[PDB]
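A structural walkthrough
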Amino acid sequence: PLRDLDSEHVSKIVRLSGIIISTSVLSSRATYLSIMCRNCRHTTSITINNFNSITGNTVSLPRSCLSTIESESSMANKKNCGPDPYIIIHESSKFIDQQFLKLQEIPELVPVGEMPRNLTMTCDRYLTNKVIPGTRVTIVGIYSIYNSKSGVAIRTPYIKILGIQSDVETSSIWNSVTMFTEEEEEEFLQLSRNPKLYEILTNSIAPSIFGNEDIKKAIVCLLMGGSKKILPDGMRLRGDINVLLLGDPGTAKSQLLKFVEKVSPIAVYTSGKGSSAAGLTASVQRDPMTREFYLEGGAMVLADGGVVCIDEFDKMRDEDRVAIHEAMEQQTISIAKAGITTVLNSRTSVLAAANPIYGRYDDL
Amino acid sequence: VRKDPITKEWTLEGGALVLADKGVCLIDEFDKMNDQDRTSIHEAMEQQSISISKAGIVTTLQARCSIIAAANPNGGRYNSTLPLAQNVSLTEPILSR
Amino acid sequence: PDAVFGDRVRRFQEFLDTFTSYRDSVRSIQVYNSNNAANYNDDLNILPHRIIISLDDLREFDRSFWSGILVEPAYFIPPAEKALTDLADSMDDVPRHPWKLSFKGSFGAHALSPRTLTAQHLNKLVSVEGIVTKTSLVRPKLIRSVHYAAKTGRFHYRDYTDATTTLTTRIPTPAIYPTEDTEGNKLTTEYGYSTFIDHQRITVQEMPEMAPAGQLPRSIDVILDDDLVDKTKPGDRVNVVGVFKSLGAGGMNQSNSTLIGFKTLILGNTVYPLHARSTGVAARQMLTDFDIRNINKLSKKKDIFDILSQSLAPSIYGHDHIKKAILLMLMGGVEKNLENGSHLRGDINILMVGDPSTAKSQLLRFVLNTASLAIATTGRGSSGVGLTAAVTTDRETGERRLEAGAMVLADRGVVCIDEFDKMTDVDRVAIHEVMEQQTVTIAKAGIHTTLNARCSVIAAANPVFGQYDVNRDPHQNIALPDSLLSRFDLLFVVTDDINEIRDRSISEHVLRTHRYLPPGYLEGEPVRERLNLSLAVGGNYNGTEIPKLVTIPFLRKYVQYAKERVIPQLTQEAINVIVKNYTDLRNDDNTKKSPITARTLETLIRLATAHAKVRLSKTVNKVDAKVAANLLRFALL
Amino acid sequence: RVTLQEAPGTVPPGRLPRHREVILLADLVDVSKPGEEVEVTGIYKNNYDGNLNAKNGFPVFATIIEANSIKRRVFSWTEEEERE
Amino acid sequence: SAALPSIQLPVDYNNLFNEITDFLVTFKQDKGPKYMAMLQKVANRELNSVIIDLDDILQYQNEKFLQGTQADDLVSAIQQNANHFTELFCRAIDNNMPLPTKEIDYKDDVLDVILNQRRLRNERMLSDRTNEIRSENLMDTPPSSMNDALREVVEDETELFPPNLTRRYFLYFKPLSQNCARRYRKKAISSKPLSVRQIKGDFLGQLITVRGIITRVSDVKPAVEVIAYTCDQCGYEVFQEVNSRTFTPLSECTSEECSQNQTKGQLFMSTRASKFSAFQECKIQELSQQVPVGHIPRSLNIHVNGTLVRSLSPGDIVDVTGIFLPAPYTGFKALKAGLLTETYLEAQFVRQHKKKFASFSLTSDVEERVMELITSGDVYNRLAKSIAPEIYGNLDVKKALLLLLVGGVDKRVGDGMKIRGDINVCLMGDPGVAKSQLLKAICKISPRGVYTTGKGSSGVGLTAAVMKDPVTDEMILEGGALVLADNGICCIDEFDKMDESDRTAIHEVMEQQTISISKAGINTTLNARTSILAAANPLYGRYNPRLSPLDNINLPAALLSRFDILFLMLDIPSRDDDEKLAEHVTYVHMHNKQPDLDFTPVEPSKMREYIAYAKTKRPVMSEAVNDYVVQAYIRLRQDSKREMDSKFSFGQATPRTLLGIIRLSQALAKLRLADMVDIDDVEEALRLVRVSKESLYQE
Amino acid sequence: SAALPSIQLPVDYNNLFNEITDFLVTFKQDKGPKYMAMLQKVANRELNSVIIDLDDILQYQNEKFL
Ligand SMILES: Nc1ncnc2c1ncn2[C@@H]1O[C@H](COP(=O)(O)OP(=O)(O)OP(O)(O)=S)[C@@H](O)[C@H]1O
Ligand SMILES: Nc1ncnc2c1ncn2[C@@H]1O[C@H](COP(=O)(O)OP(=O)(O)OP(O)(O)=S)[C@@H](O)[C@H]1O
Ligand SMILES: Nc1ncnc2c1ncn2[C@@H]1O[C@H](COP(=O)(O)OP(=O)(O)O)[C@@H](O)[C@H]1O
Ligand SMILES: [Mg+2]
Ligand SMILES: [Mg+2]
Ligand SMILES: [Mg+2]
Ligand SMILES: [Zn+2]
Ligand SMILES: [Zn+2]
């Protein structure tokens, strides 16, 4: 665990799990750099194969010119080039990417009145841009030290990442895979010729739910969706199907929504008023450290190409009402803030659930 | 997702529902709750999880927690002539859970 | 002198001699500058000294030199620039600033994103598409300072360079600003003889359309020089072609000792403001001579108004008068600016109210897709500061700046409002000034200014009861203030009346509309969505070059040519008709959906003027007045 | 580094609870969770800082307690506990 | 050496300086030369600024070209490098400076007596050194050559006060007019107004003109140009120049006596002996006509030094001509690439598009225009109908708008209470009666007008806001629209859709002409002498005769009583009036001009100067007209009592109605340019009050 | 870089090396080639110095010209 990291693990390989707060921008570190003296014009190359250092230059430019110590020329033309006389020739130097990640212990197992502790991690080369913030990862890495300029000799620990394992992979457009192997192709083709295919796909939809066969047929049709059309005049016809299930409490509509969230390749289950801290539709908020407009989140946009299961669909804000309307026909959300103007994709099928007023339904 | 004003460090607080995972959450004064806390309780009893999309963090936290809540009836007294839903400001889906 | 430099200069001489388009582009720039200078001498604008180079033609000419520009631009771009300068000076002997280069074409793996840019693309020519978020103030940078010595009466100069102005790193020699000559005499700075080059910093972020939906966005910095400044504003979608370069030492000296890393930015060579949907860049299309002749051939037909209108949205059945109104809105009338400063509208505003599922949102999306500068808003989603303007704080100067809302960004364009009836009251008061005075006046804490919001507003609304009732008067049906209705030139009540033959026409039209494939697509293959970005310069399916129905891409060119070319003027034969119909409409006994105020009169004028743009006529005739009148009558009765 | 205040039960009426700062060494780390009454034996000494305190204008030092021992003033069942 | 190489420029500063001297002596516009009368007034301490006209220099070069002699292009040399030509002119002016006719006295400025003492002290140094060198008698021997050599050695060995420490005048550049350039085939970049976008880095060092609105004006502060120090050890005064925003003070004495001596004296600052400039920093923003499509307006910094201070105020359309000069870089050190520089405009000339009413002076050229407008007759109707010539009808509305522009007489009593003289006019009417066009016209005509939409300005956007000025580094109060319209007209469009905060602020403004703020930042009162023109709709957006006029004018009785004139602008359909309205509007749309050719509408500048001259008047009332006003007031109150129960009530008669009648009568007397209020003025005032409400509603 | 620039020289060492190789294997003054016999003597440790005759190279160039 993150709390059992002691001073016995320093400069050792440790395997440790948690969740990721933030992924920093990619900094450019130097692997091979060519240098040339200011007035001596001595050309030299420094190759670097160690990039684990943080807050400090473990390999820097030489303090003095190397022409005198090498004695490369027999002519050997008191002359001093000066302190730090080398200039990096950038169009002949080679660079790699480096990233700062921030890892917290999981908030499920934290002391009740205490701050969750966190560590900074550094990754490089092909370990960068492999994980998004919020994913749960176990990471193998060197538990190392940097000095930051609270105790006469106190050092800040960090992790040099040697490997990242993703326990669970989030579902999104960019994380979706379109590659298929020939065995899965053959299995799907063999499945498609079954004459009772409709019956078995309806039976596979929530086998623990008694009845509601027409609802399960509707759910299969929603999962497939229809053909989308783009016409020469530019207006588009949508293929996604939006199904409302409204009825008495205790009729397993929420369980149908949950099963649709489980079976869909991309899905999000939210309430009519959103989530605890995840909005519905689309939220545009200012960036934390640079104060720039960006898309904060939202159920209808994270579930692009998927299904949003809106439980308690009748209780909903007026913002979310108009955004849901525009997303159900147009499959787009139009954002016109004071600084940002965009029309962003919301290609999502909506499966909504509702409980009518006065408790049970009234036939009158 | 809260940034300390002095430390300038972003931390992810799961809240009392995620923090009570595999345990019990005790919510005193369940009636005069605000809207965001009601939504958090609704999600924590429906999905037994809490989904966050804040500050670049989009994830779900397990909230498999039992809830022992305490509430006062409307007007300061229970009226036995009216049924339960009219004595409490809680709506039907949260009362049914 | 370097041998490989001269070899590459000669190779670019051969490339420029092979393709004469760059040669006579240089010719056209030089003769434009020469005639402007001669007109200044006898009785203005100066084109920059840079040439757009196609990378595909270079790839066809020399693969090695093309790969040299793409992969090692520091060793290949300066020889090409010197070659272009020598070519320009070869023909400039008969009639001083060195010539620059810019690049277009396919970049292959170098067409990247601010997220996709990593350190493997450093010291390479990259084409990055994105959105401009921050634009620094255009600051002059001293290149050569000129000084005067009064004791000896002589002029000196000193040149200044930095690592940004060159692609190839040289020895940094910091020459201080001379306040004293070699003999010890005081120097006076001669401003006006010193040279200053405009410098700009912009920040290019990944587009919100192509960004991951929950992650923080990635951004890059781009440096621009004199001819490339002020080509962007914040909120634009852009394509920046430039060299991705690292500068300084990333803490590897003793004085620096920090982990900013090596600072990375883009030396901008080319800036293309891309047009995107619901953005601030207006779509512009190059009008060839053949297309101009085609437009003039359309304009001579008597049926011209009914082809361009019916060719708007052929996949929507009916709503023909709405198509006519949308076409006239796209033409946009003529704006009058009186001599005392008073202002008269030209823009046409359309409101559609009626039953649900009646092609209102689809028509709004069509106007968003086909107009040059349409911006889409919804009712609750954007607010009074969202549509008009807001105030923010600058980090550098520390003073408050403005952020432009939907109306200001859509100046000389269209604002497409969906769910118009769900606006807040303060938003409605904000709309009142925009729809008539065509301006936004903001008086905040310390900021008092007027922004130009000359917009055409097309809006979709629902009745308060969810359905339109014929027996009930429209005042309670629309339930909107009469000032707002007077702002809108044409109000259309769309009713979903149920008729058997009409429903059969609806069904046949829709089912024939749902049976379409694009060319080059198989029967079962799903259609792929490609995001539409267009460069800004300066039910029958088989519509190909005006057989019966006009294509949308040619409709765009017709609209652009009509707006740019013809500015029609009224004459007495149209004025008599307009006056007679306005007098009849003011004193008619028939109940009407919209009240008849003075605005309606100018509405007629604008509508008539709009029809004169359809015919490409410099004169507004009687037929234009009559078609304006009977388009207004259908909307009113 | 652990901040310790006087227990609120034992403070005299008008006085605020004083606080000191305690440094826990290698084996004593993560022993006392916050919110519990604990008793620390340790050496009371001065924390040295550069140029003292400019705000006070007096040569005033801050004090720390280097903990020698920590004593607390558990859902573990043994082999007898499960039989019980 | 080649480390500081040299280039050859066409400019030569010797022949241009000789041309400057010849121009200063021999220019005569057509007592004696212009710039020797001007320097005579400067020397007599009757003039503080020397304004050099580029029209004068162009004309001078023109008669030199006509005489046949060769003259350099001094105007283009100024327009390219004006910063050097400032001290070139200053040196030439100090070369031939007339002696003052009037002796110095005790009613004279402190800087002037310091300058006189400096000149006398320099003369004493020259005389004493001449006497010592002559008494030395080195050679004991050509008297004129000996005197010349002795003068040259005296002037090279003595340290005098420099000329810069002896200027009592500030020198500025007036740009050449466009018309004078049109006469003489000259094309100058200085004359043409640029926007902030059009001012690029290629204009640095040039005399250029920028057109725009002033958004911010700093307070006048003393910016030190040269610092004076006294040394007790040697008695010298040591002056160090300052050309930057910050300086380091001098500690040890740098005079020759202390430089040679082993013991160094200590310098003490002497603020009376040091040279300061009145310094202001202003922000200029380009007009909405100059902002391109889809862009946000930007700003430029204007530096005002010397006499030209307090000539720029926020809310002014202005052409500012000045030298475009660079400044050291302000910003982050990481974001700079090379020698980045900030920019500013050292102001030389200011031209106001709208001239202030308090700045009006009865000059010679104004009088013939005013007398021409008087002799044309019927100036009340002529100025009324020419306010918005392309808005048909509404003659009485435009008449009361003219009275709004002129206003009445502000009254002060020795008891201390004040009665305002400004008139407040409300236009409430049906949509499409062109009342927003009237608001735009009125506060585009008025020099200090502000147009405001009801929800476009919040509570903080009307009264006040506390915020920091960094140039003077102090926490100042910046007012809203009611401060920018002080001694002007505040146009408040869409009056009925406002919040209660702005209603209360305007409620206090229309009576006490102040705003009182008692908040967590400030406890103050601030003057706002605005005349308020409001535009509004009825309750349902349309007037309906079923309810009372008070009912559908959803307006409280107090704020109704504060308005002197409220116009019901009803859109009543008719066959005849709609014909004429349509003909008017179609003519304006076709010809871009007013229909009626029977009258010439009066130009906005002509109306502005006539209204200023009318506002100079302070008419009074005699006993007979007071008695008529009293009788009219009595009958008005009895009529309002009688009609109170009926549905035709517009309210209840008020002493504020009496004061409004008095103010309208005083404004009408001001339009006649009379010191007396006549019976016909009160006749017109009562007629206007009656036609504002009763006439259109009864029809 | 520009600190060590380049010039173009008429000498080309690749074709000159090929000419040297051909001259060594094909020169026959008038057993077999001359310098091949010399290199056989060197390889047999009977000759220690190889003398390159420039009249031989001139004759080789002239016969290739012929
Ligand atoms: N027909 C059914 N077959 C199987 N399980 C069922 C059935 N009806 C209800 N259940 C179960 O009983 C519970 C009912 O919960 P849900 O009905 O899903 O809640 P809901 O009432 O539909 O949603 P509300 O109206 O917001 S309380 C679940 O645990 C279901 O698994
Ligand atoms: N009497 C008139 N003469 C000339 N043009 C007029 C007249 N009345 C209205 N108009 C025209 O009709 C329009 C009126 O616009 P506005 O100035 O907004 O009128 P309004 O009374 O302010 O409307 P609101 O904002 O609902 S009170 C303009 O285009 C005017 O040119
Ligand atoms: N006249 C019409 N012709 C063809 N399709 C129509 C027509 N009216 C409505 N539709 C269809 O109905 C769907 C509903 O969208 P829309 O009618 O725009 O919603 P709303 O009317 O609520 O704005 C659209 O997908 C559109 O294809
Ligand atoms: Mg449920
Ligand atoms: Mg719709
Ligand atoms: Mg108006
Ligand atoms: Zn060296
Ligand atoms: Zn001294």
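Residues numbered from 1 in each chain as written, not as in the entry; some residues may be left out. Chains lettered and ligands numbered in written order. Part of a larger assembly, values for the part shown. Heavy atoms only, no water. Residues with missing side-chain atoms left out of burial classes, pairs and counts.

As recorded by the PDB entry, chain B carries the name DNA replication licensing factor MCM2 and is attributed to Saccharomyces cerevisiae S288C. For this structure, the PDB entry title reads "Cryo-EM structure of MCM double hexamer bound with DDK in State I".

As annotated in the PDB entry, chain A carries the name Minichromosome maintenance protein 5 and comes from Saccharomyces cerevisiae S288C.

Things to note about helix α19 (residues 622-636) of chain C
All names here are of chain C. Put simply, the rule reads: Here a helix means four or more residues in a row that DSSP labels H or I, a strand means two or more in a row labelled E, and each is numbered from the N terminus. Each helix should span, by expectation, one fewer than its residue count multiplied by 1.5 Å. Each residue's exposure class comes from its accessible area (1.4 Å probe, protein chains only) as a fraction of the maximum for that residue type: buried when under 20%, exposed when over 50%, partly exposed otherwise. Note on contacts: a residue pair qualifies if any of its non-hydrogen atoms lie within 4.5 Å across the two residues.
The end-to-end C-alpha distance of α19, which contains 15 residues, comes to 21 Å, matching closely the 21 Å that a straight helix rising 1.5 Å per residue would cover. Taken together, the buried positions of α19 are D624, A625, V627, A628, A629, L631, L632, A635 and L636. In this structure, the buried side of α19 is in contact with α7 (304-310), α8 (320-331), β22 (490-494), α17 (572-586), α18 (598-614) and β25 (619-620).

Here we look at the sheet that holds strand β14 (residues 350-354) of chain C
All names here are of chain C. Note the following rule: Two strands pair if DSSP finds at least two bridges between them. Angular values range over 0 to 180 degrees, each being the angle between N-to-C directions of two axes fitted as lines to C-alpha atoms, with helices fitted over their stretch in contact.
Reading across from one edge, β15-β18-β21-β14-β22 is the order of the five strands in this open sheet, with parallel pairing throughout. Edge positions in the sheet fall to β15 (374-378) and β22, since each has one partner strand and no second. With strand direction ignored, the average angle separating the axes of adjacent strands in the sheet is 15°. Note: strand β18 (residues 413-418) against strand β21 (residues 455-461), five bridges, orientation parallel. Bridge pairing in β21 links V414 to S456.

Points about the interface of chain E and chain C
Operational definition: Two parts placed together each lose some accessible area; with a 1.4 Å probe, that loss summed over both constitutes the buried area. Salt bridge, as applied in this entry: a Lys or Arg side-chain nitrogen positioned within 4 Å of an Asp or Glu carboxyl oxygen. Here a polar contact is taken to be a pair of N or O atoms separated by no more than 3.5 Å, where protein atoms must pair a possible hydrogen donor with a possible acceptor and residues adjacent in sequence count only if both atoms sit in side chains. Each residue is assigned to one class: nonpolar for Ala, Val, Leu, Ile, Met, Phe, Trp, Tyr, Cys and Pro, charged for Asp, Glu, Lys and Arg, and polar for all the others, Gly among them.
Counting residues at the interface gives 89 residues for chain E and 91 residues for chain C. If you sort the residues of chain E by the area they bury against chain C, E:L4, E:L339 and E:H589 come out on top, with a joint share of 9%. Between the two partners, chain E and chain C, sit seven salt bridges. Notably, a salt bridge pairs C:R586 with E:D571, separated by 2.4 Å at the nearest N-O pair. Connecting chain E to chain C are 25 residue pairs in polar contact. For the side of chain E that touches chain C, the element with the highest residue contribution is helix α18 (residues 575-591) of chain E, accounting for eleven residues. Here the residues of the side of chain E that touches chain C sort into 36 nonpolar, 31 polar and 22 charged.

Some words on the packing of α8(C) against helix α9 (residues 360-370) of chain C
All names here are of chain C. This is how the line gets drawn: For classification purposes, an angle smaller than 35 degrees is called roughly parallel, one larger than 145 roughly antiparallel, one from 65 to 115 roughly perpendicular, and anything else oblique. Should the near helix be turned counterclockwise from the far one by less than a right angle, the crossing is left-handed, whereas a clockwise turn marks it as right-handed.
Where α8 contacts α9, the axes come no closer than 12 Å and their chain directions differ by 30°. What the angle tells us is that α8 and α9 run roughly parallel. Like other packed secondary-structure pairs, α8 and α9 cross with a definite hand, here right-handed. Residues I322, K323, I326, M329 and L330 of α8 pack against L363, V367 and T370 of α9. Per-class residue counts for the contact of α8 with α9 are six nonpolar, one polar and one charged.

Points about the pairing of strand β14 (residues 306-311) of chain A
Each regular strand displays side chains that alternate between the two surfaces of the sheet. Residue and element names in this part refer to chain A. Of all six residues making up β14, six are buried, and the element is well covered by its neighbours. Direction of pairing for β14 relative to strand β17 (residues 348-354): parallel, over a ladder of five bridges. Pairing of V307 across the sheet is with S349, part of β17.

Side note on the site of ligand 1
The line we're drawing: Whether a residue is near a molecule or strand is decided by its heavy atoms; if any one of them lies within 4 Å of it, the residue is near. Values of accessible area rely on a 1.4 Å probe in the Shrake-Rupley scheme; residue burial ignores everything except the protein chains shown.
Taken together, 13 residues sit near ligand 1, with A:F210, A:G250, A:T251, A:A252 and A:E312 positioned nearest. Flanking ligand 1 are residues from chains A and B. One of the backbone N or O atoms of A:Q255 is found 3.4 Å from an oxygen atom in ligand 1. A:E312 has a polar side-chain atom sitting 2.9 Å from an oxygen atom of ligand 1. Computed on the free molecule, ligand 1 has an accessible area of 630 Å², of which 69% lies beneath the protein chains in the complex. Sort the elements by how many residues they give to the shell around ligand 1 and helix α5 (residues 253-263) of chain A lands first, with three residues. Of the residues in the shell around ligand 1, the class split is four nonpolar, seven polar and two charged.

Things to note about the site of ligand 2
Residues in close proximity to ligand 2 total 24 residues, the closest being C:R599, E:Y392, E:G432, E:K435 and E:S436. Neighbouring residues of ligand 2 are not confined to a single chain but are spread across chains C and E. Between ligand 2 and E:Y392, the relevant distance is 3.0 Å, taken from a nitrogen atom to a main-chain nitrogen or oxygen of the residue. Between ligand 2 and E:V433 there is a distance of 3.2 Å, counted from an oxygen atom to a backbone nitrogen or oxygen. Contact with the protein chains hides 96% of the accessible area of ligand 2, taken as 650 Å² for the molecule alone. Elements that contribute at least two residues to the shell around ligand 2 include exactly α12 (425-437), α14 (482-487) and α18 of chain C together with α13 (435-445) and α18 of chain E. Counted by class, the shell around ligand 2 contains nine nonpolar, seven polar and eight charged residues.

Describing the pattern of salt bridges
Counted by the stated rule, this structure contains 88 salt bridges over all chains. A salt bridge links E:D396 to E:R687, with the shortest nitrogen-to-oxygen separation between them at 2.9 Å. You can see E:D396 sitting in helix α12 (residues 395-406) and its partner E:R687 sitting in helix α22 (residues 679-698), a full 291 residues away along the chain. A relative accessible area of 17% places E:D396 in the buried class. In this structure E:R687 comes out as partly exposed when scored by relative accessible area, which is 25%. Salt-bridge contacts for F:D22 lead to F:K64; the nearest nitrogen and oxygen are separated by 3.6 Å. Residue F:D22 is classed as partly exposed on the basis of its relative accessible area of 26%. Salt bridges here are not isolated pairs; linked through shared partners, they connect C:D7, C:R10, C:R11, C:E14 and C:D62.

A word on a positive patch on the surface
So the rule is basically this: Each patch is built from residues that are more than 30% exposed by relative accessible area and take part in no salt bridge. Like charges join if they lie within 9 Å; nonpolar side chains (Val, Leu, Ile, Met, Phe, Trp, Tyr) join within 5 Å. This count recognises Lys and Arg as positive and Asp and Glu as negative, with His and chain-terminal groups excluded. We put the charge of a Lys on NZ, of an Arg on CZ, of an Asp on CG and of a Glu on CD.
Among the surface-exposed residues, A:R291, B:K3, B:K8 and C:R395 lie close enough to one another that they form a single positively charged patch. By secondary structure assignment, the location of B:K3 is in strand β1 (residues 2-3). The class for B:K3 is partly exposed, based on a relative accessible area of 35%.

Overview of a nonpolar patch on the surface
On the surface, a cluster of nonpolar side chains totalling about 620 Å² of accessible area is made up of F:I7, F:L9, F:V11, F:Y13, F:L16 and F:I20. Positionally, F:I7 belongs in the segment before α1 (13-26).

Notes on the sheet that holds strand β19 (residues 489-493) of chain E
Residue and element names in this part refer to chain E. Taken together, five strands build an open sheet; the order of strands is β16-β19-β22-β15-β23 and the sheet is parallel. Strands at the two margins of the open sheet, each flanked by one partner only, are β16 (450-453) and β23 (565-569). Neighbouring strand axes in the sheet, compared pairwise and without regard to direction, differ in orientation by 15° on average. Bridge analysis of strand β15 (residues 425-429) against strand β22 (residues 531-536) gives four bridges, and the strand direction is parallel. Within β22, the residue paired with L427 across the bridge is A535.

Details of the interface of chain B and chain A
One frequent convention defines the size of an interface as the accessible area lost when the parts assemble. Taken together, the 32 residues of chain B in the interface contact 37 residues of chain A. Between chain B and chain A, roughly 3,000 Å² of surface is buried when both sides are summed, and carbon and sulfur atoms account for 52% of that area. Per-residue buried area on chain B facing chain A is highest for B:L19, B:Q47 and B:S53; these three make up 18% of the total on that side. At the surface where chain B touches chain A, the tally comes to three salt bridges. Taken together, the connections running from chain B to chain A amount to 16 residue pairs in polar contact. Breaking the side of chain B that touches chain A down by element, the ones donating at least two residues are β2 (10-11), α1 (15-19), α2 (35-46), β4 (49-54), β5 (57-62) and α4 (92-96) of chain B. Taken together, the residues of the side of chain B that touches chain A sort by class into eleven nonpolar, twelve polar and nine charged.

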